[PDB]
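**Q** A single structure is presented below for examination.
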Amino acid sequence: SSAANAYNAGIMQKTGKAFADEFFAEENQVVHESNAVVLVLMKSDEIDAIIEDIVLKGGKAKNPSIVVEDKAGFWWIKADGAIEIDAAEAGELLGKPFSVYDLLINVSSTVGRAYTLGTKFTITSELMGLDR
Amino acid sequence: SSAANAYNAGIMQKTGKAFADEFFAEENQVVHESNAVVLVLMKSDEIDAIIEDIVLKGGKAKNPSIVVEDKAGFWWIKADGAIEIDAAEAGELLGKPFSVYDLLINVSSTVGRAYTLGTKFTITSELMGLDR
Amino acid sequence: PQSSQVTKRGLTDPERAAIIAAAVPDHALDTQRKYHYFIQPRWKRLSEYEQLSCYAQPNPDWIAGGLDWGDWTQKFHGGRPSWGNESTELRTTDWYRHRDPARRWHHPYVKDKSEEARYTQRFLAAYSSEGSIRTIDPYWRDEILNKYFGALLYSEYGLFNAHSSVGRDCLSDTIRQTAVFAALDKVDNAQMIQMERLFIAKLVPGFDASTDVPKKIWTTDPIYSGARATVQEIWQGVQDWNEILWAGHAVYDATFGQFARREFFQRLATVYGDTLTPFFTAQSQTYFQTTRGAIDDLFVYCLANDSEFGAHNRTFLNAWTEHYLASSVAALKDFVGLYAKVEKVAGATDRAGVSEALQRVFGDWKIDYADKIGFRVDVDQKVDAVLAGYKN
Amino acid sequence: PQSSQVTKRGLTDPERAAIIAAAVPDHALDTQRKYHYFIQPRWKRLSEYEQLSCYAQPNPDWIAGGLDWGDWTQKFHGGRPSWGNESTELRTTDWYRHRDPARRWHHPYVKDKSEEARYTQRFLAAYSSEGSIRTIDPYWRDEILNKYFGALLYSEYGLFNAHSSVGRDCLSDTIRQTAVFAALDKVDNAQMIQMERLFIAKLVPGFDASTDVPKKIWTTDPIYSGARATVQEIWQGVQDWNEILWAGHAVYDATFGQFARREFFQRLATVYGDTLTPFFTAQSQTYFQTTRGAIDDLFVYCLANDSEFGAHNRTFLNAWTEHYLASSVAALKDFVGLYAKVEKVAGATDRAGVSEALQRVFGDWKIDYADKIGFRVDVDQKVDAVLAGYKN
Amino acid sequence: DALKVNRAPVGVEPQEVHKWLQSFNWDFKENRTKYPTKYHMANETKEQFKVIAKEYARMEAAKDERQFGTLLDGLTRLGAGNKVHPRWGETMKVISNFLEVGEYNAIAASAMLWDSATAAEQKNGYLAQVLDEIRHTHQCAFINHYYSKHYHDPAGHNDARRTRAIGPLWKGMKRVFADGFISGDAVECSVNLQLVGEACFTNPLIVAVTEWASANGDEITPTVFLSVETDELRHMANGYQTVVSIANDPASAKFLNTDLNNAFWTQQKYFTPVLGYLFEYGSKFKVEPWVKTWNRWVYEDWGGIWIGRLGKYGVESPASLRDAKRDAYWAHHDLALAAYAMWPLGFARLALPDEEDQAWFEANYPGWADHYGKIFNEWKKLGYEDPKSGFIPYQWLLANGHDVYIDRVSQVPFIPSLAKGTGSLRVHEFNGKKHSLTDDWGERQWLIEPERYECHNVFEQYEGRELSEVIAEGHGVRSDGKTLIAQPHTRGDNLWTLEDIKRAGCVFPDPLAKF
Amino acid sequence: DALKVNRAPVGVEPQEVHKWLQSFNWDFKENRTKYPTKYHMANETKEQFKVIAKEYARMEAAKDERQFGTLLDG
Amino acid sequence: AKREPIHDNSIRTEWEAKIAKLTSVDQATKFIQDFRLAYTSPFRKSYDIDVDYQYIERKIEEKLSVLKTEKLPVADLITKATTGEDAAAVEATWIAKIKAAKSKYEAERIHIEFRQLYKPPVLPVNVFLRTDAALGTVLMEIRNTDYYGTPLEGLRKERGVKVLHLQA
Ligand SMILES: [Fe+3]
Ligand SMILES: [Fe+3]
C-alpha cells in the first residue's frame, strides 16, 4: 500500500524503547513476505526528468501505491507489484538518443526481479521461473 | 616585476577619488607597453597539480616574477617575458597520457603570443615575425 | 597570500549561501521549462539538436522565416546586408526548415570523430605490428595507390575550401552547421589520405610520401584534368552558396567522387591485396553518407518541395545539374584512362567491370538525387560517354 | 512531505558547512599525496594505472610479493587456500611485477572499446547505404566466408572461456586485469563475426546467418578438427593458469589463430573483392596485438627472466610449447585443406602463396615468442609439416 | 618483400600530417578570396598550433565530456541550478544569449577569414576556429537550456531568440560582436574580430565574468565559459599572424591604425556600458568595480601587452582611448538609468540597488549617490516595483526633459541630460530623414558611410504604439500569456502583467520631432 | 546481383547478436566446471540483460565519463 | 504618427496586392527597379514605407524570380540581366564606372545605384556578387584614404546634412 511503501512506515516511525519493543517482538524474528519492489535512481538531469514526468505522472497513474523519497544523492522508489520505465518514452522527453542501456546509466539499485524487454525496464515482485 | 605583476598592482590599490584621479590623469590616456604575459588556467585536478608542482616550483625558480592569483574558477598568472609549461613534465606528474593537446584542455586564456613547440606550451611577450 | 580578494563562492560559503536562499522564491515563476519551446519540431518530439541550433541565426522578417525586425545595424560598404536574399537564387518560405537527419550539433559531431581519431592510431600501431602490408601488390602500392590516391587528396581539399564562402553566406543555423561539418569531413579525407601514405612510408623502404608527385599528377595529369577543372569551378568560380553545396556534394562528389573513392581505390584495394586502404576509405565513405543525408534534406525535403518555391528551385537545380553533370562526366571520362595503367582483373578492370562500376554510380545517383528533383537522366548514355575514355 | 528526513548536504547547507569548516584543520596533516606512493614504478614515474591496480590483491608474504601476513580467513573444504602456490607450476620472486604495456585499468579499456562499438554501427549504416557489398565474389561470400569464418567464431569463443578458471585462480591484480581483458576481446571477436554474418544477411536475400552450418563445420569438418581439439584441451583439459594463458595466446592463437584470421580471412578478402570483412578483422588483429603486449610482459619480462626462477620457468614453458606447437601444427595441417575449396589466385592460394603465409606466421612466431624463451624451432620444418596437408 | 618487414609499432602523429598541409593548395588564376578587401599583401603564414581534423575533434570532445559530466551529473545532483542569486540568474539570460549571437556571428566572420586566407595552414586554422565558434554557440545555448530546466525562472532563459527582439539593448548587441565583424573587409576581421574582439574583450566578457557567477552562486557558467575560452588562444594566434603580414607591408600597414581605432571604438561603445551594467547591477555580490576590471583587462593588459608592444612596429594607441576610459568609469551607470527606466521591453527581472549596493556604488564611484542614487530612490518611492503603481520611469524621464535617443551607428541609448559618460547629441537631417549621432567616432562613420548604417530604431518601429501592445506582439509574456517575462523586482510575488503596463499609458514618441 | 541491392541504412543491434550466443557453446565430454560443487542440476537459463562486449563497453564508458567529469572538473 | 503592427499591416498588405498584379518579367523588372530607386538606400526618394520596405522588397524579388523561372529560357537565367542586357557586360560597365570615380562621393553613389538597379533577381546572383565585391573594394579603398583628414564640420558640409542640433 501507499502508506506501507513509505521509507519510515510502521516500526520506522517509532523511536527509543517503543522501537526496541517492536524490533524484538517474537513475530518479527522471521521475514515476512512483501509484495513490494524497491527501485533506486541516482540523481542526474535525465533521471530527474524521468522521475517528475514519467514515474510521478503516468507511472503513479497506473500504480498509485508508488512512493518516491528524496535521499540526497538518489531517489528511493517503492511500489506494490512492479515499477516500469520505457526508455523510448524517456528519450522522447529528453530529446536525445536514449536506449534501454542508456537508461541503465543511472538506475542504481533494485530490490526485486529486474530485467529489460525491448525498450522497457521492469522491476517486479514476480518470481519468474517459479510463479506461473 | 613581481610587485607589478600583482592583479591589484599600482592604480588597482587605489579606491574612490584616488583611483579616479590616476585613471583620468593625462599620462594614462595612451597605452603603455608592457613586457608581461598573462595566462589563465581553469581549475581542474590536472591544472591544480600543474600549478603547484610546475608553475610554482620550476617555473617560478626560472622566472621569479611569476604571480599566481586565485580567481575562484580559474588561476590568473602574470609574469615578465614568458611562461612555459612542458606537457611531458605534466604527464609524468599526473601519471597518465598527456600530450600538449591534452595540456590545452584547461588552458583558458592568453594575453601575449602563444604557441606550442614540441611538448611545450609557451606564452611570450616576444612579437614573432616582427622582433628579430 | 595574493593581492586581490579571494572571492567567496555563493554555492558553498555559509553566509552567501544563506543570503541567496533567502532571496530565491519558494516556487517557480513559470512552468515552461522546454528551451525554445516554440520551435516547430521536425520529428515526433523536439530534439536537443533543434533546441541548441534553431533560431541562433538572428534573421529579420525580410529573410524568410526570421523572427526579428528592422535592418541590420551595420552593412558592407555599398549596402550589402549582413545576410541577404541576394546570396542565392533559391527561395523558400522559411530558411530555418532544414534538419540534419543525424541531428549533429557540435558535441555529437566531435564525439564521433574523436572515436575515429583514437581508434585509427590504435589500428595503425597494431597493423604495423602485424606486418600485414607484406602481401600488398607492389605495383598497386607504388604506381597506382601512392601516386593517384595521393592525387585524389587535392579533390577532397578543393571541395573542403569550396565551403568557405558557404560558411559566411548561408542563411540559417542548421544549414551553416551542415555545411561546416561537411567541410571538415572533406579536409579530414585529404588529411587521412596523406596519413595513409606517411604510414606506408614507415613500413616500405624507398616509398616516398611527399606530396610532390600526387600534386604534379593532380595539376597536370590528363587523368585528373576534368576533375580539377570542376573542383576549381565549384570552389572559386561561383558564390551562390546553394549552388556550391549542390554542385559539390550532390553532383560532382556523388558521381566522380564516389567512383574514385569507392569504385576505384576501395574496390580495387580488395582485388590487389591491399589490407590497409579499406580502413581509410571506410571513413571517407561513412562521411559521404552522413553528409548526403543532410544535403538531401536541404535540397530535396526543403527546397525542391517548398510549398511556394519548389518548382522555381527545381528550375535552377535542373540547370545546375545539367551543367555540373556534364562537368562530372568529362571528369570520369578522363579518370578511367587510369585503368590502362592497372593489372587486368576480370570483372573489375576490364570493360565489363568498369561498365558495371559506372552503372552503379550513375544508377545510384539517378535514384538518390536526379529522380527527387525531376532531373531526367539516361544512365546508359552517361555510362557510354564515360566509356569512350576507356582504353580497350 | 515525504516520510523520511530530507537530509541537509554538508557541502552547501550553511550551518552544516560552517560546522565542517570549524572542524577541518587549517593545514594538511601529511605531505605525501601520491596514492600508494610505495609501489615500485616500472617506468620513469608511477602511473595512474599502477596506482589504481597494484596490491589490490591482498596476498600474504607466503605468496611471493605479498605484503600481508597469516593464513586466509576461510579456505576450501580440504584446505585449498583462497589463492595459492599450488595454482601453477611457474615460480617468481614477486607475482605483482607484471605490467600491461598498454596500462589498461578498467576505464581506458571500456573507453577504447566504446569507440569501436559506436563507430562500427555508423560504418555499417553507411556501408549498407553505399551498396559496396555488390562487388564481393559470391562464392567467397557464400561458400567460404559465411561457412568457415562463421565456424572460426567457435575458436574465439573457446579461447574466451579458457579464461574462466584463470580469472579465479591467477595470483596478482595486474595479471587478473590482463587475463579478463583478453577474455572479453576473444568473446568480442566471436560476437563480431556473428555481427558481420547478421549484417550480410540484411543485404543478400537467401544469405543465412544462422550458426547451424558454422557450428556443424566447427564440430565435424576435418578442416577444423585439429583446431577444435586444441581449444578444448586449453579451455577444459588443464587448470594451471599460466599454462592456459601461454598455450592459448602465445602458441595456439599466435600461430593457428593469426593464420586463420590474418593470412586466410583478412588476406583473401582483399583478393576476392570483399570490402566488408577487413573492417571486422581490423578489430580482432588490433585486439591480438594489444593482448600480445601484455602476454609478452608476463611470460618474457617477468617469468622467463625472473631473477631466481627464469630457467626453471623456461623448463615448463619449453615443455608446454613443444606440446601445444605440435597441436597447432596439426590444426594448421587440417586447416590448409580449406584452400582446396577456394578459387585459385597466384601468389595467394597456390602452394607458393600458402608457403609464404606459413613462413610469415611461423617466422614471426619464432621472433615474437620462441626466441625469447630459448625454444628451438626450425621454421622450414614446421612450414613443410603443414604443407603436407595442402592439396595441389 | 613478402617475408621481411619492420614490425615496430608505429602510427602517425598530427604534426606529421600537418607539415604537408601547406602543399595541399595549388595554383590557378581564380584562386583568390571572394570578398571585398583593402588588404592584398603576402600572407603565407604558419599555423601556430598544428591541428588536423581528427585531433581537433579529439581535443574538443575531451573538453566536452568533462564539462557535461559536471553539469548533467554533479551539479544536477547538488541542485546547483537553483542556488544562484536571482539577480545573477536573470543576468545570465542576457549574458549567455547575447554572447550566443556574438559566437554565432564569429562562425561567419571566421569563414570570411578562411575565405580570404591564402596559406593552406591558415585556411586549416580558420576552419578549426569556425568549428569552435559553433561549439561556443551551442555552449551558450546549453547554459540557458540548463537554466530553463533547473532555475526558478525559466521564462527568458527559454525563449530569448525571439523575446530579445522586443528591446533596445539587443539592437546594439547585433553590432558590437556581430554585424561589426561580418559586414566589412574580410581580411580586416583579423583586426576587429581577433586583435580587438578576441584578444581584448573576450577576457572580461567570458573569463572575468565566471568569478562574478561564482560569487553569486552560479557554478554552471564557470563550467562552460572557462571551456569556451580555451579555444580562444588558437583564435587570437590566427589573427596575430595576419596582423604581422599587414604590418610588414607598407601599403597594407597604412590602413591598420584606422581599422584598429574604428574596431576598438565600435566594440567598446557597447561592451563597456552594457557589461559593466550587467556585472554591477545584475549581481548581488560584486567582485570588484567594473572600471577596475576594465583597467586591468582592457587598458593595462590588452593595451600594453598587445597594442603597446606593437607600437614598436607602427601600431598606434587608439585615438578613441581617452573617450573610452570615460565610458569605463560612468557609461554603465548611464546605461543603468535606461535599462531600469525601460525595463518592460527586456526579458529579465531587475533589482534596484539595495542599501549596501548603494554604499558600494558611492564608495567606488564618488558622485554616484547624488546622481544615480537619488534617481533610483525616487523611482522606488513612486512605486517602481509595485504593479499597482501605474509607474514606469520612461514616462517620468520625458516629463522632466530627460529624452532618450538611439545612436544611429552603435544603437546604444543616450540620455544627454543625465549622462556622465562620453557623448554629445548631434542631430542631422539628410534626404528627408533625421538621424541622432552621439560621439565623434560614430558620427564620422555615419557621415562617411551612410549606406552602411540604416538600422531602424525602436522609436521608429514603435512610434505612437502603447507599450503593452508591443510587448504582447513580441511574445514578452510567460506561459499564462499575461504576466510579463520582464520585471522591475526579483521577488516571487506581485509580478507585473500586460494590464499593469497598460494602466501606465506609455506610448512611444518620436525623440527627434523636436528638431 | 552486381547492380541491384537494398541500400537502406541498417546496422546490427546488440540483441540481434545476443540472440545467437546460446548457440556458441558446443558439446564435448570435458566441457564442465573445474571447481568443486554440490550443485549439479540443469541450469540452461537466459540472461536478463542482453549485453554483448561492444555494448558493455559503450554503457560503462558513458557512466565513467560523467563520473570523472564531476570529479576532475566540477 | 502611429505605426501599425510590425509583421502584418495595411502597408504590407496593400503592396502585396500590387505585386500580385505583375505578370511579366519586363513589368516586374521595372517595378523592382523603380521600387529600389524610390524606397531603398540613403538616396531614396521617400521614407514613407521605411519600416516595411525591406519586407516588401523581398516579396517583389520572389515575384520576379518565379516569373523568370516560368518564362525565361535557362540560358537567360545564367547569362542575362532581366533588363535583357548581357550580365558580363553589366559587370564590366559598372566596374569601369566606379574605377573612373574621382572622389569617394562619386564612387559611393555608383555602388549604391548599381545595387538599386541590379540586385538579384535582376542580375544573376553569381555575377552580381562578384560585381558588388569588386565595387566594394574600390569604395572601401577610397573612403579609407586619410579617413580622419576632414574635420567633422567639414564632413557635415561635404555630406550636405542640415544640422538640426549640436549639443554644447
Ligand atoms: Fe567564440
Ligand atoms: Fe573566437
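Residue numbering restarts at 1 in every chain; chains get A, B, ... in the order shown in the C-alpha cells, and ligands count up from 1 in that same order.
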After a least-squares superposition on chain B using every in-order C-alpha pair, I'd like chain A written out as a PDB file with C-alpha atoms, in the first residue's frame.

**A**
ATOM      1  CA  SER A   1      58.396  42.856 -11.871  1.00  0.00           C
ATOM      2  CA  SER A   2      56.856  40.676  -9.175  1.00  0.00           C
ATOM      3  CA  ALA A   3      55.103  43.693  -7.577  1.00  0.00           C
ATOM      4  CA  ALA A   4      53.976  44.965 -10.989  1.00  0.00           C
ATOM      5  CA  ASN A   5      52.476  41.551 -11.881  1.00  0.00           C
ATOM      6  CA  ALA A   6      50.034  41.605  -8.953  1.00  0.00           C
ATOM      7  CA  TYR A   7      46.431  41.684 -10.153  1.00  0.00           C
ATOM      8  CA  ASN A   8      45.804  44.705  -7.870  1.00  0.00           C
ATOM      9  CA  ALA A   9      49.131  46.439  -8.601  1.00  0.00           C
ATOM     10  CA  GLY A  10      49.508  50.188  -8.927  1.00  0.00           C
ATOM     11  CA  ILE A  11      46.265  52.089  -9.553  1.00  0.00           C
ATOM     12  CA  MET A  12      44.317  48.916  -8.713  1.00  0.00           C
ATOM     13  CA  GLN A  13      45.272  49.566  -5.048  1.00  0.00           C
ATOM     14  CA  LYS A  14      43.527  52.940  -5.051  1.00  0.00           C
ATOM     15  CA  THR A  15      39.823  53.498  -4.358  1.00  0.00           C
ATOM     16  CA  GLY A  16      37.321  56.324  -4.647  1.00  0.00           C
ATOM     17  CA  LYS A  17      38.654  59.705  -5.773  1.00  0.00           C
ATOM     18  CA  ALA A  18      42.266  58.499  -5.485  1.00  0.00           C
ATOM     19  CA  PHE A  19      41.459  55.913  -8.159  1.00  0.00           C
ATOM     20  CA  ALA A  20      39.637  58.394 -10.412  1.00  0.00           C
ATOM     21  CA  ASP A  21      42.519  60.905 -10.263  1.00  0.00           C
ATOM     22  CA  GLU A  22      45.086  58.437 -11.596  1.00  0.00           C
ATOM     23  CA  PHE A  23      42.608  56.775 -13.980  1.00  0.00           C
ATOM     24  CA  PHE A  24      41.937  60.133 -15.666  1.00  0.00           C
ATOM     25  CA  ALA A  25      45.495  61.470 -15.454  1.00  0.00           C
ATOM     26  CA  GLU A  26      46.717  62.847 -18.768  1.00  0.00           C
ATOM     27  CA  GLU A  27      49.606  60.353 -19.089  1.00  0.00           C
ATOM     28  CA  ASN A  28      47.204  57.389 -18.689  1.00  0.00           C
ATOM     29  CA  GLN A  29      45.159  58.305 -21.801  1.00  0.00           C
ATOM     30  CA  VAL A  30      47.448  56.239 -24.081  1.00  0.00           C
ATOM     31  CA  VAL A  31      48.519  52.596 -23.691  1.00  0.00           C
ATOM     32  CA  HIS A  32      51.913  51.834 -22.124  1.00  0.00           C
ATOM     33  CA  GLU A  33      54.038  49.008 -23.515  1.00  0.00           C
ATOM     34  CA  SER A  34      54.179  46.068 -21.118  1.00  0.00           C
ATOM     35  CA  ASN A  35      56.761  43.246 -21.022  1.00  0.00           C
ATOM     36  CA  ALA A  36      54.329  40.972 -19.162  1.00  0.00           C
ATOM     37  CA  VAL A  37      52.223  38.024 -20.281  1.00  0.00           C
ATOM     38  CA  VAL A  38      48.987  36.785 -18.728  1.00  0.00           C
ATOM     39  CA  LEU A  39      48.008  33.109 -18.658  1.00  0.00           C
ATOM     40  CA  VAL A  40      44.665  31.844 -17.358  1.00  0.00           C
ATOM     41  CA  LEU A  41      44.334  28.185 -16.339  1.00  0.00           C
ATOM     42  CA  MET A  42      40.869  26.918 -15.540  1.00  0.00           C
ATOM     43  CA  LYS A  43      40.795  24.935 -12.310  1.00  0.00           C
ATOM     44  CA  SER A  44      40.808  21.128 -12.520  1.00  0.00           C
ATOM     45  CA  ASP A  45      42.595  18.204 -10.909  1.00  0.00           C
ATOM     46  CA  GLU A  46      45.331  18.231 -13.581  1.00  0.00           C
ATOM     47  CA  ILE A  47      45.755  22.031 -13.632  1.00  0.00           C
ATOM     48  CA  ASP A  48      45.912  22.306  -9.846  1.00  0.00           C
ATOM     49  CA  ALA A  49      48.758  19.753  -9.906  1.00  0.00           C
ATOM     50  CA  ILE A  50      50.502  21.714 -12.679  1.00  0.00           C
ATOM     51  CA  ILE A  51      50.209  25.014 -10.770  1.00  0.00           C
ATOM     52  CA  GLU A  52      51.622  23.698  -7.495  1.00  0.00           C
ATOM     53  CA  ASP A  53      54.412  21.407  -8.754  1.00  0.00           C
ATOM     54  CA  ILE A  54      55.495  23.046 -12.038  1.00  0.00           C
ATOM     55  CA  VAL A  55      54.523  26.728 -12.331  1.00  0.00           C
ATOM     56  CA  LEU A  56      55.108  27.479  -8.636  1.00  0.00           C
ATOM     57  CA  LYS A  57      58.249  25.305  -8.384  1.00  0.00           C
ATOM     58  CA  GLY A  58      60.513  25.102 -11.448  1.00  0.00           C
ATOM     59  CA  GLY A  59      58.585  27.824 -13.268  1.00  0.00           C
ATOM     60  CA  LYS A  60      59.060  30.429 -10.540  1.00  0.00           C
ATOM     61  CA  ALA A  61      62.632  29.225  -9.972  1.00  0.00           C
ATOM     62  CA  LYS A  62      63.404  30.122 -13.581  1.00  0.00           C
ATOM     63  CA  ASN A  63      61.086  33.198 -13.606  1.00  0.00           C
ATOM     64  CA  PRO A  64      60.785  34.745 -10.119  1.00  0.00           C
ATOM     65  CA  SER A  65      58.460  37.502 -11.474  1.00  0.00           C
ATOM     66  CA  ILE A  66      55.607  34.938 -11.756  1.00  0.00           C
ATOM     67  CA  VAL A  67      52.465  35.859  -9.800  1.00  0.00           C
ATOM     68  CA  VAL A  68      49.600  33.350  -9.424  1.00  0.00           C
ATOM     69  CA  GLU A  69      46.246  34.538  -8.062  1.00  0.00           C
ATOM     70  CA  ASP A  70      43.151  32.561  -7.050  1.00  0.00           C
ATOM     71  CA  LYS A  71      40.159  33.767  -9.112  1.00  0.00           C
ATOM     72  CA  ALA A  72      37.646  31.124  -7.865  1.00  0.00           C
ATOM     73  CA  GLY A  73      37.154  29.135 -11.055  1.00  0.00           C
ATOM     74  CA  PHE A  74      40.522  29.889 -12.658  1.00  0.00           C
ATOM     75  CA  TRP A  75      44.170  30.639 -11.844  1.00  0.00           C
ATOM     76  CA  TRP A  76      45.363  34.048 -13.085  1.00  0.00           C
ATOM     77  CA  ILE A  77      49.097  34.009 -13.877  1.00  0.00           C
ATOM     78  CA  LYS A  78      51.156  37.056 -14.794  1.00  0.00           C
ATOM     79  CA  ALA A  79      54.891  37.066 -15.426  1.00  0.00           C
ATOM     80  CA  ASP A  80      57.625  39.069 -17.127  1.00  0.00           C
ATOM     81  CA  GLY A  81      58.836  37.833 -20.482  1.00  0.00           C
ATOM     82  CA  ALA A  82      57.203  34.427 -20.926  1.00  0.00           C
ATOM     83  CA  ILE A  83      55.533  31.467 -19.223  1.00  0.00           C
ATOM     84  CA  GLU A  84      56.137  27.903 -20.397  1.00  0.00           C
ATOM     85  CA  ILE A  85      54.623  24.544 -19.463  1.00  0.00           C
ATOM     86  CA  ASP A  86      56.087  21.260 -20.739  1.00  0.00           C
ATOM     87  CA  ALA A  87      53.234  18.812 -21.300  1.00  0.00           C
ATOM     88  CA  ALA A  88      55.616  15.847 -20.915  1.00  0.00           C
ATOM     89  CA  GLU A  89      56.640  17.084 -17.451  1.00  0.00           C
ATOM     90  CA  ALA A  90      52.947  17.416 -16.544  1.00  0.00           C
ATOM     91  CA  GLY A  91      52.230  13.894 -17.823  1.00  0.00           C
ATOM     92  CA  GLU A  92      55.043  12.613 -15.612  1.00  0.00           C
ATOM     93  CA  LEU A  93      53.396  14.365 -12.688  1.00  0.00           C
ATOM     94  CA  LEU A  94      49.905  13.010 -13.448  1.00  0.00           C
ATOM     95  CA  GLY A  95      50.781   9.405 -14.334  1.00  0.00           C
ATOM     96  CA  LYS A  96      48.513   9.283 -17.424  1.00  0.00           C
ATOM     97  CA  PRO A  97      48.723  10.079 -21.172  1.00  0.00           C
ATOM     98  CA  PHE A  98      49.156  13.855 -21.568  1.00  0.00           C
ATOM     99  CA  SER A  99      50.090  15.466 -24.884  1.00  0.00           C
ATOM    100  CA  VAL A 100      50.389  19.207 -25.465  1.00  0.00           C
ATOM    101  CA  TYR A 101      46.853  19.054 -26.893  1.00  0.00           C
ATOM    102  CA  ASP A 102      45.646  17.484 -23.623  1.00  0.00           C
ATOM    103  CA  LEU A 103      47.365  20.332 -21.747  1.00  0.00           C
ATOM    104  CA  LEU A 104      45.250  22.775 -23.778  1.00  0.00           C
ATOM    105  CA  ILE A 105      42.003  21.243 -22.398  1.00  0.00           C
ATOM    106  CA  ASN A 106      42.191  23.654 -19.427  1.00  0.00           C
ATOM    107  CA  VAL A 107      44.434  26.483 -20.715  1.00  0.00           C
ATOM    108  CA  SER A 108      41.667  29.083 -20.876  1.00  0.00           C
ATOM    109  CA  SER A 109      43.204  32.405 -21.894  1.00  0.00           C
ATOM    110  CA  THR A 110      46.416  34.155 -22.950  1.00  0.00           C
ATOM    111  CA  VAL A 111      47.452  37.801 -23.107  1.00  0.00           C
ATOM    112  CA  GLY A 112      50.552  37.543 -25.258  1.00  0.00           C
ATOM    113  CA  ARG A 113      51.947  35.484 -28.129  1.00  0.00           C
ATOM    114  CA  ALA A 114      51.082  31.815 -27.482  1.00  0.00           C
ATOM    115  CA  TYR A 115      52.115  28.707 -29.432  1.00  0.00           C
ATOM    116  CA  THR A 116      53.162  25.086 -29.065  1.00  0.00           C
ATOM    117  CA  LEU A 117      56.555  23.612 -29.931  1.00  0.00           C
ATOM    118  CA  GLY A 118      56.981  19.869 -29.434  1.00  0.00           C
ATOM    119  CA  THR A 119      55.572  18.941 -26.021  1.00  0.00           C
ATOM    120  CA  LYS A 120      55.916  22.511 -24.691  1.00  0.00           C
ATOM    121  CA  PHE A 121      53.326  25.287 -24.486  1.00  0.00           C
ATOM    122  CA  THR A 122      54.665  28.857 -24.426  1.00  0.00           C
ATOM    123  CA  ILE A 123      53.185  32.329 -23.997  1.00  0.00           C
ATOM    124  CA  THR A 124      55.710  35.083 -24.610  1.00  0.00           C
ATOM    125  CA  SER A 125      55.999  38.859 -24.709  1.00  0.00           C
ATOM    126  CA  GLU A 126      57.982  38.530 -27.949  1.00  0.00           C
ATOM    127  CA  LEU A 127      56.370  39.634 -31.222  1.00  0.00           C
ATOM    128  CA  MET A 128      57.464  36.773 -33.462  1.00  0.00           C
ATOM    129  CA  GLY A 129      57.713  37.885 -37.065  1.00  0.00           C
ATOM    130  CA  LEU A 130      58.617  41.423 -35.945  1.00  0.00           C
ATOM    131  CA  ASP A 131      61.211  41.049 -33.173  1.00  0.00           C
ATOM    132  CA  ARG A 132      64.493  39.774 -34.618  1.00  0.00           C
TER     133      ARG A 132
END

**Q** Show me which residues sit within 10 Å of ligand 1 when counting only C-alpha atoms and all ligand atoms, and put them as an MDAnalysis selection string.

**A** chainID E and resid 99:107 110 129:137 139:140 193 197:198 202 206 225 228:232 235

**Q** Could those residues be written to a file, using C-alpha atoms, as a short mmCIF file (atom, residue, chain, number, x, y, z; two decimals), in the first residue's frame?

**A**
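The resulting selection-v4.cif:
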data_model
loop_
_atom_site.label_atom_id
_atom_site.label_comp_id
_atom_site.auth_asym_id
_atom_site.auth_seq_id
_atom_site.Cartn_x
_atom_site.Cartn_y
_atom_site.Cartn_z
CA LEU E 99 27.13 36.17 -26.21
CA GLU E 100 25.45 33.39 -28.22
CA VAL E 101 24.86 35.72 -31.18
CA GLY E 102 28.43 37.01 -30.87
CA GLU E 103 29.68 33.43 -31.16
CA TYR E 104 27.23 32.76 -33.98
CA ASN E 105 28.46 35.78 -35.92
CA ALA E 106 32.01 34.68 -35.20
CA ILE E 107 31.34 31.49 -37.17
CA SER E 110 35.89 33.20 -39.25
CA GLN E 129 38.05 28.37 -35.44
CA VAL E 130 34.81 28.23 -37.44
CA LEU E 131 34.15 24.91 -35.71
CA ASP E 132 34.95 26.36 -32.27
CA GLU E 133 32.54 29.23 -32.79
CA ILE E 134 29.78 26.69 -33.49
CA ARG E 135 30.89 24.91 -30.33
CA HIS E 136 30.57 28.17 -28.40
CA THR E 137 27.13 28.92 -29.86
CA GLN E 139 27.63 26.08 -25.20
CA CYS E 140 25.87 29.43 -24.68
CA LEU E 193 37.18 40.14 -34.54
CA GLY E 197 37.38 41.23 -30.10
CA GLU E 198 39.11 38.01 -29.06
CA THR E 202 36.56 38.06 -24.62
CA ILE E 206 33.95 35.27 -20.86
CA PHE E 225 32.57 29.64 -20.15
CA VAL E 228 34.72 28.25 -24.21
CA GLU E 229 37.73 30.49 -23.77
CA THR E 230 40.25 27.58 -24.03
CA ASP E 231 39.56 27.75 -27.77
CA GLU E 232 40.37 31.46 -27.91
CA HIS E 235 41.84 32.18 -32.46
#

**Q** Select residues of chain D: the criterion is any atom within 8 Å of an atom of chain E, counting only C-alpha atoms; output as a list in words.

**A** residues 356, 359 and 360 of chain D

**Q** Could you turn the residues from that selection into a file that holds C-alpha atoms, as a PDB file, in the first residue's frame?

**A**
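Result file out.pdb:
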ATOM      1  CA  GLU D 356      54.910 -17.761 -47.751  1.00  0.00           C
ATOM      2  CA  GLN D 359      56.660 -18.635 -43.329  1.00  0.00           C
ATOM      3  CA  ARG D 360      55.304 -15.322 -42.004  1.00  0.00           C
TER       4      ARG D 360
END

**Q** Mind listing as a list in words which residues of chain E are within 12 Å of chain F, counting only C-alpha atoms?

**A**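 Therefore, the residues near the partner are residues 61, 62, 63, 64, 65, 66, 67, 68, 69, 70, 71, 72, 73, 74, 75, 76, 77, 78, 80, 219, 220, 221, 222, 223, 224, 226 and 227 of chain E.
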
**Q** Please return, as a ChimeraX atom specification, all residues of segment 354-390 of chain C that DSSP assigns to helix (DSSP H, G or I) on the basis of the backbone.

**A** /C:354-373,379-387

**Q** Select residues of chain C: the criterion is any atom within 8 Å of an atom of chain D, counting only C-alpha atoms; output as a ChimeraX atom specification.

**A** /C:11-15,17-18,112,115-116,118-119,122-123,126-127,129-130,132,135,262,266-275,278-279,282-283,285-286,289-290

**Q** Could you list, as a count of residues only, every residue within 9 Å of segment 27-33 of chain F, counting only C-alpha atoms and ignoring same-chain residues fewer than 4 positions away?

**A** 8

**Q** Find the residues around residue 155 of chain G up to 10 Å (only C-alpha atoms counted), leave out those fewer than 4 positions away in its own chain, and share them as a list in words.

**A**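 Returned residues: residues 443, 444, 447 and 448 of chain E; 148, 149, 150, 151, 159, 160 and 161 of chain G.
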
**Q** Ranking C:86, C:156, C:61, C:71 by minimum distance to residue 252 of chain C and counting only C-alpha atoms, which one comes first?

**A**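 Closest residue, counting only C-alpha atoms: C:156.
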